Asker: 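Before I ask anything, here is the structure I am working with.
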Amino acid sequence: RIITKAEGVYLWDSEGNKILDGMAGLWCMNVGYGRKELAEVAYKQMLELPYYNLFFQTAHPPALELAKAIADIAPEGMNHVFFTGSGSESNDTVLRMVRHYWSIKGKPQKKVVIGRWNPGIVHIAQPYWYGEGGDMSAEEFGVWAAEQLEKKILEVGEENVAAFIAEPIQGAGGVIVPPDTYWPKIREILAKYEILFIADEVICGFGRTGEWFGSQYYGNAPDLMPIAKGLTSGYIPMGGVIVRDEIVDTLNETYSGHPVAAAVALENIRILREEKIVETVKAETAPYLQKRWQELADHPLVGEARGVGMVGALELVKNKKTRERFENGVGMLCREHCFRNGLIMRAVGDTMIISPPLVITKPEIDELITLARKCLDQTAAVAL
Amino acid sequence: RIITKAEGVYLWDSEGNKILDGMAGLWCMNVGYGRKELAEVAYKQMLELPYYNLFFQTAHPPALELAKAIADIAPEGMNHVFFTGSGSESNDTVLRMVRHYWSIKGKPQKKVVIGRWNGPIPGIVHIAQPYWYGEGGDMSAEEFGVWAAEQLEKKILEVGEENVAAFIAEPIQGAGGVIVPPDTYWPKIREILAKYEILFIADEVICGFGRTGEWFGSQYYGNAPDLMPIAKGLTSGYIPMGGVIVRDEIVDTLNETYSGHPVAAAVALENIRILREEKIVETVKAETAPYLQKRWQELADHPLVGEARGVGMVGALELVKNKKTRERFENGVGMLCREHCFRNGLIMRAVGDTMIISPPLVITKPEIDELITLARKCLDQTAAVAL
Ligand SMILES: [Ca+2]
Ligand SMILES: [Ca+2]
């Protein structure tokens, strides 16, 4: 089976079957497929002035306009953006920035970066209530998971710690939506220590939560935000790091951004802004998606349905009260039914996930929900 | 000065003045500016199937064809390529691979990578660069080549082989001043590498995709590296992309994100196709580079020029105040020469008091003549002011 075209939220195989791409390529095709404007802007920039030269610049350098355009939608006080080739490059880049920052402040011992489960890096607990909450409520567990950050800081010693790094919501790990008490508690902990906050926005960035950034959805004011994916809606490779102004001022005592990529990202943000795609997500599309997605919680196979904005997860279990999982693996089986039925929904163990294009319509959401329920029924038949 | 269009080797500013881009953007615009084919393939890939999806493969995935295309021109035995977003990403990637390699072989202590000055970063140490003009002292070129290579063996023993993962080196150091090593350098390095347990990383970000007249600098000098970071010339700078080309034995071990974005890959595939089917690299080797290097030597007669050197489609000029002693001017001259270049419409980079070129590979013999005329003018104007 072979893909020959794509348009909106749909792929078409060579036969003529439409597949609803519920994962937006790789959490990235935010304006959907077939957006001619993006190809046209790339084409023109490539012919006109594809790249930099050592002496002189162009009329309206797209990278500069892009940086201003991102400065206008980023959290307040984050008006610098350093461009890269990719999201993984942005993650390497942020780790270097944080270490250089503290080194320039005269504290080169602050090297350790604290991340979350799922070589100068240590890990704390992820705020995954369903899998790791034990006997606690969501609210209590959110507090506890946040407190693991303070505990790790003290254990490693503040004077050895550079930064905490975290996605607002962990994507690839299973759309792990944290309790509402998680981020407020983390902010309290960050306020007490000398530690930079890296908010990894590679997935959540450019509209995915209904705000421009996951950080704005939860009310976080980070120091650095790696971005990619939604930056270009996956149409051309590009990454970046958005940086709080004070951090840059310190750093001021390769990242220009390729003009073709920058032209595409600028047009992509323009479309997201001028067609009110992120506004529509917040006001209409995401509330509708999350409401319909909850209906799947009734399904005999589903232990929990969760989500925020345009992401969601379903936990597939054998027993809803104990959260006991099936032997072997229901997720792989459910995925195969997804594959057969023409719905792209990723399996992460026994967790099913979606991340559709942000332009997905209410009828398209209905289709997604119908296909998902069908796949859950077929999986239950085989498993229950 | 503001650039409004570009074509072949030329930029045009808003007033219609032509600037000869002697640096090929940043050592990367190998097929020149204005190659419609590259924009067309990007456009079509972007509209049709811009990216991966989780379930089903695409008709003719450009990244797979690109990997085959690079396997066909890479040094022999290097038939795997891992894609990245950029050359600096490829350099991070390759340092991780060499450390993972030795870790999988059961020797996670081999972590240290030996590079060269002008090539703190934990896990990297540096040896001497084979820069005869600046650091050759009282040695001949041939003997200094040997000595600079021997510093690698000395560093290996000093660090201890059991702590060493790899040696990393460009065939010719580009950004450092087109430091062309003596002919005895690479053969001696190969002898040293053969005696130790050490991977050879040949950094081809600049030298790659035709710049020396071979596809890779490694082929120009007869090296057989284990890993080669690439970027730039991969797409001729039209779309960001990087990669790492890896020797098959290394991969077999490693087998005990790098897919390459389809739009970039379509452009790189078309770019290599053009370089191959128009015989651009062959023409460089047989015609263009010999002509460039011959004309570039003529500037050695200039009162300001202590040495002219180059290989393929790169070159350097050393600006000195006294040709007999190699004494340099009091804190300047490179930037002054660059300002004259800027004014006269030639892009030549200044690295200290070393002037450097790296033109597009499609540059013609009349264009080379123009470059040489402009360079000599810039040297005259610089001498007038400084000598
Ligand atoms: Ca702002
Ligand atoms: Ca052969």
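Note on naming: letters A, B, ... go to the chains in the order of the sequence lines (proteins, then strands), and numbering restarts at 1 for each one. In listed order, ligands and their atoms are each counted from 1. Note: hydrogens, waters and symmetry copies are ignored here, and every other heavy atom, side chains too, is used.
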Asker: Can you name the side-chain hydrogen bond (donor to acceptor under 3.5 Å, both in side chains) partners of A/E274, sequence neighbours left out?
Answerer: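 A/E274 satisfies side-chain hydrogen bond (donor to acceptor under 3.5 Å, both in side chains) with A/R270 only.
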Asker: Suppose the criterion is salt bridge (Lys or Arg N to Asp or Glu O under 4.0 Å): which pairs have a residue in residues 181-196 of chain A, not counting sequence neighbours?
Answerer: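 Listed once each, the pairs are A/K107-A/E194, A/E150-A/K192, A/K185-A/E188.
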Asker: Near the Ca ion (ligand 1), which protein N/O/S atoms fall under 3.0 Å?
Answerer: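 You should have found A/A71 O, A/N79 OD1.
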Asker: Taking only residues two or more places apart in sequence, or in another chain, which ones meet A/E275 in a side-chain hydrogen bond (donor to acceptor under 3.5 Å, both in side chains)?
Answerer: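 For A/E275, the residues satisfying side-chain hydrogen bond (donor to acceptor under 3.5 Å, both in side chains) (neighbours in sequence not counted) are A/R35.
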Asker: If I take atom CD from residue B/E270 and atom OG from residue B/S236, how far apart are they, to the nearest 0.5 angstrom?
Answerer: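 So the gap between those two atoms works out to 11.0 Å.
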Asker: Would you kindly say whether B/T84 and A/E89 are connected by a side-chain donor-acceptor distance under 3.5 Å?
Answerer: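 Distance-only check fails for B/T84 and A/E89.
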Asker: Please give me the minimum heavy-atom distance between B/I230 and B/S90, naming the atom from each residue.
Answerer: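 Smallest heavy-atom distance, with atoms named: O-OG, 3.4 Å.
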